[PDB]
Amino acid sequence: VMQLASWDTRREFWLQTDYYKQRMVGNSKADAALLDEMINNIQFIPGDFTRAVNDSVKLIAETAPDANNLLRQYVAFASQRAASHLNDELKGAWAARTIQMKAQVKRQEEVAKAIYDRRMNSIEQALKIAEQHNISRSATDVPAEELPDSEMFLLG
Amino acid sequence: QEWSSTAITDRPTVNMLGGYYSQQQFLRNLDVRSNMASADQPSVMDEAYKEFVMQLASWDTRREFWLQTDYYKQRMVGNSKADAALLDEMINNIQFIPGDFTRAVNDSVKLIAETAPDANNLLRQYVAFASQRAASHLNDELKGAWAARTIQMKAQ
Amino acid sequence: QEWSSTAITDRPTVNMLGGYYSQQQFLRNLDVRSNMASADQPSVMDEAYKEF
Amino acid sequence: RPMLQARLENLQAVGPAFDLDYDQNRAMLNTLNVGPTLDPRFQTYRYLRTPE
């Protein structure tokens with residue numbers, strides 16, 4: 001609907017169509033006046049849901065077959081422009097989402113590496129202390145693995 | 001002569017916002033986790049368009065644009081009073097008509113100049129100027145929010 | 001002679017609010033784990049502009 | 001005495017225990033300290049009627 005009601009879409013459609021090229025006079029002012037006159041030939045009447053009236057488009061032309069073909073082509077043109085814009089917006093949102101996901105994955109990897117390094121350091125210190133105190137008994141405490149890192153040395 | 005021209009603008013797309021969209025999405029995601037205030041707030045596009053509209057109709061923006069437009073500088077008699085009066089008149093030349101969503105009419109800006117090409121070039125330059133100012137203001141706001149979030153995270 | 005001038009103002013932004021914004025946000029964060037406040041509360045800049 | 005001394009030595013050499021939340025906060029703070037990337041001249045509007 002936004003593409004339908006826009007002035008730019010009407011101007012580009014009239015510039016592209018053959019109904020306007022054959023009516024060119026060759027004078028810039030006359031061509032501009034003709035284009036502006038044919039811009040208003042397409043009127044968009046917005047619809048209201050309360051009164052059960054839908055959006056409508058009216059086109060005006062010199063000849064009835066033209067008045068039909070031009071309207072069909074203009075509606076197709078507006079639909080194509082809307083589809084292209086929607087595709088571009090979808091691509092932009094996709095790029096933003098993948099950037100965010102990459103950043104989140106990087107952060108999770110950093111967190112995992114930090115935890116791994118901390119556990120490695122704790123393992124090294126526990127090994128050194130167990131060697132110093134010569135506690136070679138493999139079984140020292142009833143609780144199984146996943147002990148808190150603080151009293152982690154209670155192992156062979 | 002007082003030739004006039006009209007422009008109609010709407011919200012930008014994701015693809016044209018650039019990296020600012022991703023940065024603001026990151027900050028909003030951070031705000032979601034702590035200090036929950038989202039409450040399905042308006043998207044980044046709405047905020048950017050609101051800032052652009054605010055900079056479009058501001059008297060200060062029109063004054064600063066006219067002061068450097070290179071079209072006002074030619075019409076400088078050299079008297080302070082005459083220059084001030086002309087500047088006020090030309091500031092009043094640019095008008096902004098806000099749009100109503102109920103009637104499906106959008107925001108429009110109308111510029112009045114002395115010659116026909118100047119009614120177009122000056123309007124294009126003014127819209128670009130307002131967009132640039134809005135972008136700079138949005139970048140400053142993003143920097144401030146980023147600094148505040150960094151300080152809060154450091155404290156936590 | 002009766003000359004006149006006019007000014008138009010609006011709500012400030014985070015950047016010009018200085019360090020007060022961080023303190024107020026910290027207090028609000030302390031105030032959402034106790035004595036529940038409305039989730040859709042007016043923001044800091046809105047309150048500052050209302051006071052102004 | 002031996003086990004108590006070993007507990008003291010181990011808890012001294014290990015340091016304070018940090019949960020997963022602290023590590024996640026540190027990781028996020030790293031990216032926050034990286035700093036935002038500011039690019040100007042990005043458009044904030046789209047044209048429905050180009051001036052002519």
# chains A, B, ... in the order shown; residues from 1 in each chain; ligands from 1
>>> select_by_dssp(residues="segment 1-155 of chain B", states="strand (DSSP E)", output="list in words")
residues 3, 4, 5, 6, 7, 8, 9, 10, 95, 96, 97, 108, 109, 110, 111, 112 and 113 of chain B
>>> residues_around(residues="residue 23 of chain D", least_positions_apart="6", cutoff="9 Å", atoms="only C-alpha atoms", output="PyMOL selection string")
chain A and resi 110-112+114-115
>>> write_last_selection(atoms="N, CA and C atoms", output="PDB file, in the first residue's frame")
ATOM      1  N   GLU A 110      34.885 -17.756  24.928  1.00  0.00           N
ATOM      2  CA  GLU A 110      35.800 -17.118  25.870  1.00  0.00           C
ATOM      3  C   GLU A 110      35.503 -17.543  27.302  1.00  0.00           C
ATOM      4  N   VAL A 111      34.221 -17.599  27.668  1.00  0.00           N
ATOM      5  CA  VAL A 111      33.853 -18.018  29.020  1.00  0.00           C
ATOM      6  C   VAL A 111      34.324 -19.445  29.280  1.00  0.00           C
ATOM      7  N   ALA A 112      34.094 -20.334  28.313  1.00  0.00           N
ATOM      8  CA  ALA A 112      34.509 -21.723  28.479  1.00  0.00           C
ATOM      9  C   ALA A 112      36.018 -21.830  28.641  1.00  0.00           C
ATOM     10  N   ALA A 114      38.069 -19.550  29.807  1.00  0.00           N
ATOM     11  CA  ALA A 114      38.458 -19.030  31.115  1.00  0.00           C
ATOM     12  C   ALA A 114      38.210 -20.056  32.213  1.00  0.00           C
ATOM     13  N   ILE A 115      37.048 -20.712  32.182  1.00  0.00           N
ATOM     14  CA  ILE A 115      36.756 -21.731  33.190  1.00  0.00           C
ATOM     15  C   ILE A 115      37.752 -22.879  33.091  1.00  0.00           C
TER      16      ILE A 115
END
>>> residues_around(residues="residue 21 of chain B", least_positions_apart="4", cutoff="10 Å", atoms="only C-alpha atoms", output="list in words")
residues 92, 93 and 96 of chain A; 13, 14, 15, 16, 17, 25, 26, 27, 43, 44, 45 and 48 of chain B
>>> closest_atom_pairs(of="chain B", to="chain D", cutoff="6 Å", atoms="only C-alpha atoms", output="CSV")
residue,atom,partner,partner_atom,distance
B:6,CA,D:51,CA,5.8
B:7,CA,D:51,CA,5.1
B:8,CA,D:49,CA,4.9
B:9,CA,D:47,CA,4.8
B:10,CA,D:46,CA,5.4
B:11,CA,D:45,CA,5.5
B:12,CA,D:45,CA,4.6
B:17,CA,D:42,CA,5.7
B:48,CA,D:44,CA,5.8
B:120,CA,D:52,CA,5.4
B:131,CA,D:44,CA,5.8
B:132,CA,D:41,CA,5.7
B:150,CA,D:32,CA,5.9
>>> interface_residues(of="chain B", to="chain C", cutoff="9 Å", atoms="only C-alpha atoms", output="JSON, numbers by chain")
{"B": [34, 35, 36, 37, 38, 39, 58, 59, 140, 141, 142, 143, 144, 145, 148, 149, 151, 152]}
>>> write_last_selection(atoms="C-alpha atoms", output="mmCIF file, in the first residue's frame")
data_model
loop_
_atom_site.group_PDB
_atom_site.id
_atom_site.type_symbol
_atom_site.label_atom_id
_atom_site.label_comp_id
_atom_site.auth_asym_id
_atom_site.auth_seq_id
_atom_site.Cartn_x
_atom_site.Cartn_y
_atom_site.Cartn_z
ATOM 1 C CA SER B 34 19.178 -6.211 33.641
ATOM 2 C CA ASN B 35 16.964 -3.193 34.357
ATOM 3 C CA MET B 36 14.012 -4.716 32.515
ATOM 4 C CA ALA B 37 12.350 -1.801 30.720
ATOM 5 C CA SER B 38 11.712 -3.093 27.181
ATOM 6 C CA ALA B 39 7.915 -3.553 27.351
ATOM 7 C CA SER B 58 13.276 22.709 14.441
ATOM 8 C CA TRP B 59 13.779 26.441 13.954
ATOM 9 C CA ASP B 140 26.295 10.897 20.466
ATOM 10 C CA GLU B 141 23.369 9.328 22.329
ATOM 11 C CA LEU B 142 24.688 5.844 21.555
ATOM 12 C CA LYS B 143 28.132 6.787 22.865
ATOM 13 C CA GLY B 144 26.619 8.125 26.081
ATOM 14 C CA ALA B 145 24.504 5.024 26.638
ATOM 15 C CA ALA B 148 26.900 4.414 31.109
ATOM 16 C CA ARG B 149 26.463 0.683 30.497
ATOM 17 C CA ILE B 151 30.407 1.958 34.028
ATOM 18 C CA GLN B 152 27.477 -0.030 35.423
#
>>> closest_residue(among="A:27, A:80, A:73, A:98", to="chain B", atoms="only C-alpha atoms")
A:98
>>> atom_distance(atom1="atom CA of residue 21 of chain D", atom2="atom CA of residue 143 of chain A")
25.6 Å
>>> interface_residues(of="chain D", to="chain A", cutoff="8 Å", atoms="only C-alpha atoms", output="list in words")
residues 2, 6, 7, 9, 10, 11, 13, 14, 15, 17, 23, 24, 27, 28, 48, 49 and 50 of chain D
>>> atom_distance(atom1="atom CA of residue 12 of chain D", atom2="atom CA of residue 156 of chain B")
25.0 Å
>>> select_by_dssp(residues="chain B", states="helix (DSSP H, G or I)", output="PyMOL selection string")
chain B and resi 14-17+19-33+44-57+59-67+80-93+116-155
>>> residues_around(residues="residue 9 of chain C", least_positions_apart="5", cutoff="12 Å", atoms="only C-alpha atoms", output="PyMOL selection string")
(chain B and resi 54+58-60) or (chain C and resi 49-50+52)
>>> residues_around(residues="residue 57 of chain A", least_positions_apart="6", cutoff="10 Å", atoms="only C-alpha atoms", output="ChimeraX atom specification")
/A:4-5,42-46,71,75
>>> atom_distance(atom1="atom CA of residue 123 of chain B", atom2="atom CA of residue 111 of chain B")
6.1 Å
>>> closest_residue(among="A:59, A:30, A:156, A:1", to="chain B", atoms="only C-alpha atoms")
A:1
